[PDB]
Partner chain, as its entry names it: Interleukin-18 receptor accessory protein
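Quick heads-up: it's one chain on its own, the form deposited without its partner chain, in structure tokens.
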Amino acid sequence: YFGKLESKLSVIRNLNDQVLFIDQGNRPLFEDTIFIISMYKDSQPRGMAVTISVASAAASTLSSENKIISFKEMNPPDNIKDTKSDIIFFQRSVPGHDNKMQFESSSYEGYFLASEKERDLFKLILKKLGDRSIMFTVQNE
């Protein structure tokens, strides 16, 4: 069970300080904007269960469905009646580096959010020790 609690306006950056954001094609990318991390309580506590949504007027919510990164048109829900969810990530601090965060998928254990370059594009992806590509900073008010 996941219970929605408190929610935070957040700016997310990779370790090269590139800002996470969404283009007009709903692609999550990194450049040189604002998201809502929502905390959830857990019947089976294993870390900090969070959702990531775009602080838009739109409904936009990050999903790790089918091991790919997407934005499902939806708001983070008041409750999730499951032990895992495609929109729930565990937000865990990097050992020795409390200012750094990793986001493991709840439905696909061992898979984390990552910054990956493409051709000329830094895109947010899902990816299976010390990998700096799965580390982020989160900024708040």
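Positions refer to the first chain, counted from 1.
TODO: Would you mind checking whether any residues of the deposited sequence sit unmodelled between residue 98 and residue 99, and how many (none, 1 to 3, 4 to 9, 10 or more)?
DONE: Count of unmodelled residues in between: none.
Open item on the list: Between residue 128 and residue 129, how many residues of the deposited sequence have no coordinates in this entry: none, 1 to 3, 4 to 9, or 10 or more?
Closed with: 1 to 3 residues are missing.
- [ ] Mind pulling up the entry and telling me whether 112-120 or 79-87 has the higher mean Cα temperature factor?
- [x] Result of the comparison: 112-120.
- [ ] With reference to the PDB entry, specify whether the mean Cα temperature factor is higher for 90-98 or for 55-63.
- [x] Taking the mean B-factor of the alpha carbons in each, 55-63 is higher.
- [ ] Could you say whether, by C-alpha temperature factor, residue 35 belongs to the lowest, middle or highest third of its chain?
- [x] Within its chain, residue 35 is a middle-third residue by C-alpha B-factor, going by the deposited values.
Task: Third of the chain, ranked by Cα B-factor, where residue 28 sits - done: Within its chain, residue 28 is a highest-third residue by C-alpha B-factor, going by the deposited values.
Note that the form solved in complex with its partner chain isn't included here; everything after this is about it.
Task: Contact test in the entry with it bound: residue 100 vs its partner chain, heavy atoms, 4.5 Å - done: Heavy-atom contact with its partner chain at 4.5 Å: present for residue 100.
Open item on the list: Need the contact residues for 117-131: heavy atom within 4.5 Å of its partner chain in the entry with it bound, sequence order, or none if there are none.
Closed with: If the 4.5 Å heavy-atom criterion is applied to its partner chain in the entry with it bound, 117-131 yields 129, 130.
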